[PDB]
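Before any questions on how it binds or moves, here is one chain, the form deposited in one PDB entry, in C-alpha cells.
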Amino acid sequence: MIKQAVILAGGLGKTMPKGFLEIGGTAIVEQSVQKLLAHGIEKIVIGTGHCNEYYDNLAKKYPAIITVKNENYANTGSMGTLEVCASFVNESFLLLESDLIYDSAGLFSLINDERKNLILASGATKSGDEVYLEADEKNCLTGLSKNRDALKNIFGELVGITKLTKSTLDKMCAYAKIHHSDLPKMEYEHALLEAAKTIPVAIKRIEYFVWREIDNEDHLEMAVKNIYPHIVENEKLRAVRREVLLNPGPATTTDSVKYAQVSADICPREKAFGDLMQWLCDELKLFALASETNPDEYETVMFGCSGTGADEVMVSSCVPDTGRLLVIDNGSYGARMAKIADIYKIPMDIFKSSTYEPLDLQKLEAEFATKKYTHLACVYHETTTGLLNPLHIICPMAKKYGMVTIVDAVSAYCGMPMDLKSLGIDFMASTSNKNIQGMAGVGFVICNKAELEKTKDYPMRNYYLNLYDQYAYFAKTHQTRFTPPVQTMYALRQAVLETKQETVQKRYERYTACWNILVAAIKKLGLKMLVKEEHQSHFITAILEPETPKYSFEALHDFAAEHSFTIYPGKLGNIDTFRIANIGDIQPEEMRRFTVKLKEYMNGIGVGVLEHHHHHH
C-alpha cells in the first residue's frame, strides 16, 4: 500500500502546463490525480514551476494535493523540483511526470509488487525521445540512456511512473545537493541511476503497457487517435455493472471502493493492520465532529457488524441496571432499540410518537423534567418515512436534565454535517454501508471519551457486542478482540478517503439535489409525501401508494428494474407507501432518468390524468 505520490511539473513546453492539455474533456494531470486517488493515495505532492497557478487552482478541487513551487525552475531540471517536493514525503511513494497518459493498471501493478524500489517500463513504443534502461541478472537498473548504443542491454523504456522508498529519495537528494554547482539541471533519472549503484532499484517490464508522454505536438496528436482510446478500453474492461440503487441500505458505490476490497492477504494481528484500524478509528469520528471540536475528547469503537448490531452495542453496554432509560420510538429503528433494551431487562420507558410528524417537544421536556431517567436513546433519521428528528434540540435538552445520550445515526452519519459536542451526543452509532458509501460489514460507535470510560465497570450484558471490552482490548494491545472484516475495512478506508475528497457538506448537497428532482416530479404527478418537507431528511422519501387497483408495487418495481433502478417498498402498517432513497454514488441526472420512468408508470395507471370514458349511446 502506497499512501503518497509526487508529480513533477516544473519544466516547460505552451502558455499552459502540459499537464493541463485536455483529453476527453479533462486535463491529463487531473486524470492522473483521479487514478491515483482511486488506488488509495492519500497525499499528492505536485512540484510546480512555470504557470503554477493552474496547479494551485486544481488543488482547490482535491484536498490531497499539496502544490510546492520550485522557484528556480527555469535554471534547474526535474531533480530540483523533486528535492523541493522531498520535504513533504514521509513514506514510500509513487513518482510521476505531469505529461503522462497511462493505463491505471500500472499503478495497481506497482503497488502490488513486493519490490520496494521499482521502475515501471514498457516495450518498444517507437516514439520520439526514448529513455532506455539497462538491467542486470536480477532485472535491477544498471544503466540509463537516451541512445541505445551506450547500454550493454536494453530491458525496456522508462515510462515515468516509479515506486521509491523514502531512503532512496534521500540518497537521490543528497547526490543532488552535492552537485548543485556542477549539474544545476540534473534530471531525476540521473539521480535514480546513481542511487541504483548502492540501492537495488528493480525494473518491472510490462511489454504491452499502454502509455504516452504528451510533451510535443507529434505525441499530443497521435495520443488522441491511437493511445487514449486504447487506455479507455483497457480501463473500462474493469468497470462493474452500474445499478442505481434507490434503497437506503447498501447503495450504489464507486468502483474504486469496490476494488479496495481486493488486496494482499494479511493476518489481522500484524502491526500494519492494527495501524489501519487505528487510522479508521481516528478518521471516522471526525466526520461527526466540527473543526472547532477537539478530536481527542472522542473515540471510535468498531465491530464486524450491521448498524442494528451497533445499536445493540450501545443499548447493551451503556445503561447500567442502576439507571433508567427513556427510548423515543417514532420509527422502526427506535422500536428496535426499545426491543433490544427490553430483551436485556434494562430499566426502561418508551415514548411513542408518530412516524411522519414531529415529536411533541413539550411532552418530551415534561418527561425529561421528572428526573426519572439517567439515559436517553433516540434516532436522528428514521428511514421508515424519512422523518428527521431535531436532535440538536432534543439532545442538548436531555443534557440539561443530566441524561446520557445514545443516538442511532446509522442513516444520518456522513449524509449531513454533525458535531457531537454541540449536538450533546455521548454515544452515536453508524455503519459502513450507508452515507459513507462503503461495503456492508462494519458497525461502529463514536463515543464521548469520558462517558465511554464511565462504562468501564458496568457488568457485561454480552461478549461480542460489549463496547468497553472491545475498546479497551485495542487500547491495551494493538489488536482487535476477534477477526475483523479485513476486506470490508480496506473498502471502508477508501470510502473514508472519498468522503474526505467529496466533503460531507457537498455530499449533503448532492443528496439534496437528487431529492429536489424527485420531489419536483412527485408534485408534478400529484402524488403525496407522508412527511412535510420542513421535517424531511433529503435522503429518503415515503410516497403514498395510489388507491387505484391498477397500481402495483411489484409492477412499478419491475418496470424500474428493467432500467437499472431498484426502488424500495414501504414498511408501515398504518399507511401503504413506497420509498425512494437517493444516497450512495447516485448522480442528479440518474435521478431525472428515474423520474422520467416514474412519471411514465404513474400516468400509465391513471395518476395525474383525467379518466376519459368513450362509451356513447
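From 1 onward, residues are counted along the sequence shown.
Counting the unmodelled positions of the deposited sequence between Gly13 and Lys14 gives a gap of 4 to 9 residues.
The mean Cα B-factor in the deposited entry runs higher for 175-183 than for the other of 175-183 and 466-474. The mean C-alpha temperature factor is higher for 199-207 when 295-303 and 199-207 are set side by side. Note on the listed residues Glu365, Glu243, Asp282, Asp255: the highest Cα temperature factor in the record is that of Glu365. Residues shown: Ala251, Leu423, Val131, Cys318. Highest C-alpha temperature factor in the entry: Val131. Split the chain's modelled residues into thirds by C-alpha temperature factor. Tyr568 is in the lowest one. Ranked by Cα temperature factor within the chain, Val607 sits in the middle third according to the deposited record.
Sorting the modelled residues of the chain by their CA temperature factor places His39 in the lowest third. Looking at the C-alpha B-factors along this chain, the one for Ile580 belongs to the lowest third.
When the modelled residues of the chain are ordered by C-alpha B-factor, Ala64 sits in the middle third.
There is another form of this protein, the form deposited with a small molecule bound, and it is not shown here; the text below is about that form.
Looking at the small molecule in the bound PDB entry, residues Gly386, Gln536 and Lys599 place no heavy atom within 4.5 Å of it. Looking at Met302, you'd find every heavy atom of it more than 4.5 angstroms from the small molecule in the bound PDB entry. Residue contact with the small molecule in the bound PDB entry: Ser98 places a heavy atom within 4.5 Å of it. At the 4.5 Å threshold, heavy atoms of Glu134 stay clear of the small molecule in the bound PDB entry, well away from it. Contact annotation: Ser78 falls within 4.5 Å of the small molecule in the bound PDB entry, judged by heavy atom distances.
In short, of 321-329, 416-424, 251-259, 210-218 it is 210-218 that has heavy atoms within 4.5 Å of the small molecule in the bound PDB entry.
Checked against the small molecule in the bound PDB entry, the candidates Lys372, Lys146, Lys532, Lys400 yield a single residue with a heavy atom inside 4.5 Å, and that residue is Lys146. The partner is absent here, but in the bound PDB entry a heavy atom of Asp129, alone among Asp457, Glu270, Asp129, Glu91, sits within 4.5 Å of the small molecule.
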